[PDB]
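In the block that follows, a single chain appears as structure tokens, in the form deposited in one PDB entry.
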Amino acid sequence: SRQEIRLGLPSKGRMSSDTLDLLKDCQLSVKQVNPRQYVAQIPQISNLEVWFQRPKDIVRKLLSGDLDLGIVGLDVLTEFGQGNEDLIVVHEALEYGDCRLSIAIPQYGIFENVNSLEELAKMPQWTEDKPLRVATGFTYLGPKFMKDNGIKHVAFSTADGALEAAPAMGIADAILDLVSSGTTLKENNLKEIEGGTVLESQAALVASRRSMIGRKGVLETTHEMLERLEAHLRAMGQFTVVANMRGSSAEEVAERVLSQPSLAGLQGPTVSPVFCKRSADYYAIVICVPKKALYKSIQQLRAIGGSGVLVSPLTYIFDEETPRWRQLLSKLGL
């Protein structure tokens, strides 16, 4: 029917450039013969045509069938997708565009001892006649969230930006809007509440189910992208560690390391001998440790007769088969 595999990418903003940067880091650089046209290509994967588009246009064109793949925030996906079974998240966490969609209410007067959705719902002020008015851009997700949390008496007004104005303006009581830093809303005398968070968004690789099950090339490129993306993301959270351990043999050392359950797993330790002039004073284990627990791991393996540790970076980590690929095939099935 159509020859090329079409990837939609954000066109404007920091979301656009962060996406292009992530792609360059995975050897999926975008190239553009005509810089102020909206068509481009990733040469790494021939037959992959990219189309710069606004996040919701990407969701719209995935549904309408004019795109096969896309990168968008989970906010825009769940709002305009509306739970359509054709939209499949391939990677749910590209580690940018971090924000959450949450409820904000005034600190001020009638809301002062209210720090929970339970306690907000508990108030006597709201029956069907005078309901809890709440301004949002998420005209789909707001209703669904309130129904799903058993609150019947709410009325949503829509605004296309600057929602913080609504409570000061008197046009609503609460709001439902994106937050990432938390700056704006204390400065407009608003506050979040426990269980106010509707979802935590970030950039995601998304695909049409019909596109992937339909054409082998679409399934194959999605697989390549997934692997290249997670290989990059995994590596960004890992170091390779080279520690010098005391011991008579290589295999003796290997055990002591392999005994410690806290000590970081990978595929497994390698151990080669560290020479000196007299022969074989230390043994060099080569493991692969998460950045979060680097110092802990250094401390642990000092207790097990370790000495000099050499931390070096990783570019990529390709696991033989990703849990996400399994999960994706499972999401495709029905």
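Basically, rigid core = biggest C-alpha set you can superpose within 1.5 Å across the two forms. In case it trips you up, residue 1 is the first one in the sequence shown, and so on.
Although not depicted, the form deposited in another entry is the subject of the following passage.
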Next on the checklist: At a threshold of 2 angstroms on the CA positions, core aligned, which residue out of 144, 209, 234, 223 shifts between the shown form and the other one?
Outcome noted: 234
Item to check | Rigid core fit then residue 313 CA moved by 2 Å or more between the shown form and the other one | outcome: yes
Checklist entry - Can a Cα shift of no less than 2 Å be assigned to residue 71 between the shown form and the other one, given superposition on the rigid core? => result no
Next on the checklist: Superposing on the rigid core, I want to see if residue 56 changes position between the shown form and the other one - specifically a Cα shift of 2 Å or more.
Outcome noted: no
Checklist entry - Do residue 42 and residue 315 have their C-alpha atoms closer or farther apart in that other deposited form than here, with the shift being 3 angstroms or more? => result closer
Checklist entry - Relative to what is shown, are the Cα atoms of residue 324 and residue 294 closer or farther apart in that other deposited form, where the gap shifts by 3 Å or more? => result farther
